[PDB]
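Right, one structure below, let's go through it.
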Amino acid sequence: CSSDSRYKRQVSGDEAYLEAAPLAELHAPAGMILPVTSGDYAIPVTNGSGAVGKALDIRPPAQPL
Amino acid sequence: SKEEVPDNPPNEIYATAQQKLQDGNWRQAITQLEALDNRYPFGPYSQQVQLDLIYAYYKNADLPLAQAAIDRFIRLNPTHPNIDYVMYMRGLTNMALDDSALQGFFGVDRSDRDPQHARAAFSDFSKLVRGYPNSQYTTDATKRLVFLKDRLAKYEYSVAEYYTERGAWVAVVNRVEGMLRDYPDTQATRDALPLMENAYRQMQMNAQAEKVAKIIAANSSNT
Amino acid sequence: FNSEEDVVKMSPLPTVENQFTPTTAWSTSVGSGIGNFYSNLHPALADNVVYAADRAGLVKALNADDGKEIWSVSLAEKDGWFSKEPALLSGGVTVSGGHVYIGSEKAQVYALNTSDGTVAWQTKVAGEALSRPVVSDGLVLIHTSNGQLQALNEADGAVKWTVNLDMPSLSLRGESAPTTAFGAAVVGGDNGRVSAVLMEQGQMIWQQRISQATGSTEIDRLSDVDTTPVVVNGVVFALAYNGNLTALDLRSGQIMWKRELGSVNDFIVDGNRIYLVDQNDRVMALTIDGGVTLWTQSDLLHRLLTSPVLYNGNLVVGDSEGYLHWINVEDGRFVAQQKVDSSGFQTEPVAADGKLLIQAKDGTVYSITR
Amino acid sequence: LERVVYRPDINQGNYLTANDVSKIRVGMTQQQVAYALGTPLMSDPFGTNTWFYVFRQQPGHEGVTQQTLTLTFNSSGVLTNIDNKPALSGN
Amino acid sequence: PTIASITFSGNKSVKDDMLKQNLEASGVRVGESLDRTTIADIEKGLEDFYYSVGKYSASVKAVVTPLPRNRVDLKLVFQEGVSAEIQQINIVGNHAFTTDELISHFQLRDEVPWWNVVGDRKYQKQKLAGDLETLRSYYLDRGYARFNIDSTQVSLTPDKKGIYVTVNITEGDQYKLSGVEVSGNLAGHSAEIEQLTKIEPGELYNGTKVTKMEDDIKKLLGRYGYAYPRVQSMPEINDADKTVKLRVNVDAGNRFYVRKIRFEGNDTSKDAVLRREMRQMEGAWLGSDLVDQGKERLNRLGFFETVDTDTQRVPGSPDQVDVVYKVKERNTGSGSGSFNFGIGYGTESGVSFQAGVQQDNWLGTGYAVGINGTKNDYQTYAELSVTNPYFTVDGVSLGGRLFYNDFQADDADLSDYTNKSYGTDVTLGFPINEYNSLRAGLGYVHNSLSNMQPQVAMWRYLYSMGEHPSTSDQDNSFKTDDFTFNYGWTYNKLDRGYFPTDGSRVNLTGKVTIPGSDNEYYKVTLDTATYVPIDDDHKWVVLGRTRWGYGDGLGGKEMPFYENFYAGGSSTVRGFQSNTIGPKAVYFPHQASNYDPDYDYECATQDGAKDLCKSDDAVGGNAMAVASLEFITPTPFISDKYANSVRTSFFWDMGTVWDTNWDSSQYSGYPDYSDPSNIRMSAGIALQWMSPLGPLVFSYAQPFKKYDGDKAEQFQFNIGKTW
């Protein structure tokens, strides 16, 4: 058991997720209604703050001891 | 004991754990943090000790015990501001269950072998993002959530295909309607839609085929 | 060592040589006996004849002076080709009016004529009869393992009346025998109580609790009462496992005095004091005044013992190692020690017609005299 | 050729009988429809509330057969239409 | 002070974690603040558990021991009071049966014989509370409907070492069943129900069979729908006629529909692989039998440990269900590490490069691609196996392989030959019905035979091919190109892939060379394996694996000798080396080449040999039969990781190999290999073990009917080699 400076971030793998297409905003014309979306699989939209992947840390924070 | 030094003040043991983490020697760090956890179910470093233990189990890839420990920590602690990191770790754990060594080498799609881990990771990352959208880890979380929605969509697409080749046309209708009720917003499901049209033809459901025919015609490019 | 041993209960053999040695008269191998099987299946004596029994169904009548057989019989089913024949007689022998009364765990209870061993009558009863039977008013009084309590017509065994007692789900492998006086049958129950019953009808006269509820388990919060209640001059004396040793009124059962630190076995009364043994095999003498200690001994302690008896000034008990030990009445000391047997003793000894009687585990009767 | 080789029997959609189908009457209501036929395995996701029942069987790689029973309610949940269409010619 | 540790010792006969769980369930966990008086109460609680585990005279010593400042270590020691032994079980009320007839249906025992240590008689307060149900069943099974347990009593010796059991019962009477009558909504399946409820009037009542009636009514309705029907077999009592009337109310609920079919726990095996095997479809009504057929066909794929199922009702809907199959894969190497860790051992093909690449799932087209390596003493073999067991999801499998192997003979304990061989096999699998399938295909094979030491048989073969070589020397060669048509019929009711327990396998693999091949012949192999259990736990099983072999040429021509059947070895006949069974090498006397005295150039004129000679080396033959009849057994004392069940067996190997074309009339001075007679027998014991880094097998045997010149040997094994 001994790991280098960036084994500290890899996930038994790498960010294959980050290179992916954005969500598809599916649309249909009059007469059609796309069936109601289950909130169980909604994804909120955010301001895009902070880095991502191994550029973003996962070392646990430290509270007032 | 597991190579425990008879005792030290928690300052020194926790600093030695930091050194082992810097060393990346997850195993010895695990023994030290287990010792501290049993030493201090409460105490000056207890919560911190469990945080490091989560990170340590995870980096040693002892994932099931990692998930159990995270569950224990969140069971004990609902109030601590840093719980957002704990949510991210729970999600990342269920994420990390989604790999196999020879599959990671060979690169054939992970898509359609197990949805369970994926659903759990999706749920917990979604709870993180919707509950603590100001937290550091949220942006990485949403990128992971797009990847996970794609994962689930591809799993359902594979089920649609193998039901299709068998001819379970009712089942394929229901499953594609599922890919719309849930996560309608992926390339995968946009690619799944023609299955519904074909299936309706295999069931002489002309008008319903007309309804779906509206969608596929209108979406090869955005409208 | 994956097997088991616990020798903690091995008080040593006494250093006291016999101050005087009672005559170890005679012995007789009455069948199988009990081997392992704990019960109070002791023989009994009347009109200078010993009546002895065996769990395997065998019974004998013996000349009490030398054990010469008068007649014998076996109550078991006979075949036993492919495998054993369980008979399982149970309960101590007792005799009256030319009849010998015996119980069984097959729940049959018997009356045997002393003349020739004829079965005068045999009848099923509401449970295993571990009781020493008692006769009064033309009735045989019989408690049962099932918690029922019966009077049987002594001439043909038909039930005369029935009684019920409350019952734990776990208890001693024993049975409180009744005593008959003042129109009341009196007996205990493992619900932690002693009860008096009108022998005419089975009517509930009174019941008294002597519990010492403790701890967590049924074994702890409820207490067994398989001793025999004793009557003297109109005061009833009672005992229970870890329960309240007490002196009680024959009417309404109200407590005259209470002494605690109970035990499982019989307790012997003489004059103004009572002699008995702890469940830890410690032995004691107690006044009728509040159960106050006349003397108590650590010289006998936790190591298997029989029930006590008083005989010619000796308090007497036996061992699993087959020794008999005499203890003096007036003061705490051994009178004598004697290896009577190699198999050991589990029942009560009996003092009758001037003889002292004992039964070994393997079925060997022994008798002692002065 | 298909006919050369085995397939297991493939069932799809709701079970039906002439007895139970007859229980559906014009003016019927959805919960009573459920009591008559159980929930349909399909429903129009694209707007109007029409339920599709399908008793479809493909036994022994011969004669895929079905009754398709289409039911339509107004948005308040009261039935407006019935169409118990049998199968077209199979292959 | 804090509990820094609890120190445990002396629990000779009590499971270890129960102590910790007791302490934590009672308070004063690790880290808690110990009130020093409370150690007495802690001791009392531990003793109370020693009541719970049946040691009612136990006692405990708890030395509270100081540690730095606010810390203590509680050094527990447990005085193991003798475990409570049952002295006897007694029953009150009997007239019909003696104790043994009842106790035989207990788990509890009263006596352990002097002649063998049968299961033993330590008591448990919650053992009897279960066991009495078997007595209650027995009297009901014998038709005593009016039976009741009057009361249950268990008791202790005054020294509390021994247990005595008392059972009070009412026998009633063994009333007759008068008839069966169903009521309620049967959903029109009444005609079948009547045949479920078939009984003979006037027979004794039978509680167990009534329970079977309830269960099989449930199952029948499962074969039409109805995942949740009620059944109410509460009967009418007729004390006057001494009979019972079996009224059974029944509640056929609905034609439940399977909204979803998930697979859970499934990993490293794609959904299509499992779901295709299902017979219950999504979007269809439930047939519980179909779900169970799914359970079997999954169990039969050899991919899993302990496939399991569920039929959850959908939340918020009355009549739709999830169907969920749980699985654990067999960790047969394919998921992790490096490809199948291809190092192995043995003496059969030899010490082996036993390697495998699998599930390359090429370019998503729907074919598995793989390579199998088999380099050893016996053959230089390797292959490119491409296959989809469901190429067409209708059921047709397709697959094939190229393979090369310069077969090496005397390294395989055969007569000296070598043959630079290769071929390509192409095959389809035609499933026929619920359980049977039919392999069929074509294949081209090449041979370059060489190093032929002179011995009669091949010279029958070469003669039949027109080649009449001299018996002079081994440096002779021959080659052929042959086209083959190959087929196999395969019944399979095996209940589970690894280590079957029930059903059977048949594999009637036969192949023939088509016209235009150099050699016209056919060979037929009947592999077979039947498993019949003897215990309801399916750990004791009668297994017969059996084989037959036969073949002939066109117009009486000899089949290629190297296609002979062989016997011996762990697979075919245990207790004889590799292929030693059957006809031996019988060389002509010849001018052996590369002579040196350190070489056993048998039958060489160099050593002074003069005539045709026998040796123990084998050559095999066209005709064969084998019958290994064996009792599978549960493993001995080693079942801690029991689910991945390691297996063991007692066996008896019958078999024979011979040549119907052996011309005994020409060679009467030598063995009569013309005859099937001289059937071998061998018997022994075997072990089969599932290592994740390649499973293993071991076997030891006595060749009870050995015959001339066999290389008999008592032991064989392998490493890293399932097959």
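Protein chains in written order, with this note's numbering: chain S, 163 to 227; chain G, 7 to 229; chain E, 6 to 375; chain R, 29 to 119; chain C, 24 to 746.
We put the CB at the ideal spot given by N, CA and C, even for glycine.
For residue i, which residues in the same chain have their Cβ closer than 8 Å to its Cβ, ignoring the five residues on either side in sequence?
i                      : result
residue 312 of chain C : 242, 245 and 246
residue 32 of chain G  : 26, 62, 65 and 66
residue 829 of chain C : Lying before the first or after the last residue shown, residue 829 of chain C is absent from chain C, which here runs from 24 to 746.
So residue i and residue j are supposed to be a Cβ contact under 8 Å. How far apart are they, rounded?
i                      : j                      : result
residue 510 of chain C : residue 462 of chain C : 6 Å
residue 524 of chain C : residue 573 of chain C : The Cβ separation is near 31 Å, so there is no contact.
If you follow the alpha helix (DSSP H) that residue i is in, where does it begin and where does it stop?
i                      : result
residue 9 of chain E   : Note, residue 9 of chain E: premise wrong, no alpha helix (DSSP H); not H, not E.
residue 200 of chain G : 193-208
residue 16 of chain G  : 16-29
residue 177 of chain S : Note, residue 177 of chain S: premise wrong, no alpha helix (DSSP H); not H, not E.
residue 483 of chain C : 479-487
residue 112 of chain G : 107-112
residue 123 of chain G : 122-137
Between residue i and the rest of its own chain, which residues show a CB-CB distance below 6 Å, the 5 nearest in sequence each way excluded?
i                      : result
residue 248 of chain E : 215, 217, 228 and 267
residue 226 of chain E : 218
residue 535 of chain C : 508 and 545
residue 33 of chain E  : 72 and 370
residue 459 of chain C : 514
Mind checking which residues open and close the beta strand (DSSP E) that includes residue i?
i                      : result
residue 131 of chain C : No beta strand (DSSP E) contains residue 131 of chain C, which DSSP labels as neither H nor E.
residue 550 of chain C : 544-556
residue 647 of chain C : 646-656
residue 502 of chain C : 501-514
residue 340 of chain E : 339-344
residue 89 of chain C  : 82-90
Comparing the C-beta of residue i with each C-beta of chain C, is any distance below 7 Å?
i                      : result
residue 171 of chain G : yes
residue 120 of chain R : This structure cannot settle anything about residue 120 of chain R, because the visible part of chain R is limited to 29 through 119.
residue 33 of chain R  : yes
residue 313 of chain E : no
residue 227 of chain E : no
Determine, using beta carbons only, whether residue i comes closer than 7 Å to chain R.
i                      : result
residue 197 of chain S : yes
residue 109 of chain G : no
residue 453 of chain C : yes
residue 277 of chain C : yes
residue 239 of chain C : no
residue 9 of chain G   : no
residue 210 of chain G : yes
residue 176 of chain G : yes
What three-state label does DSSP hand residue i in the structure shown?
i                      : result
residue 99 of chain C  : strand
residue 227 of chain S : coil
residue 245 of chain C : helix
residue 94 of chain R  : strand
Say whether chain S places a C-beta atom closer than 7 Å to the C-beta of residue i.
i                      : result
residue 105 of chain R : no
residue 305 of chain G : Lying before the first or after the last residue shown, residue 305 of chain G is absent from chain G, which here runs from 7 to 229.
Identify, in the order they occur along the chain, each residue of the same chain with its Cβ nearer than 7 Å to the Cβ of residue i, setting aside the five sequence neighbours on each side.
i                      : result
residue 39 of chain G  : 23, 55, 58, 59 and 62
residue 616 of chain C : 496, 497 and 498
Could you tell me whether the Cβ of residue i comes closer than 7 Å to any Cβ of chain G?
i                      : result
residue 320 of chain C : no
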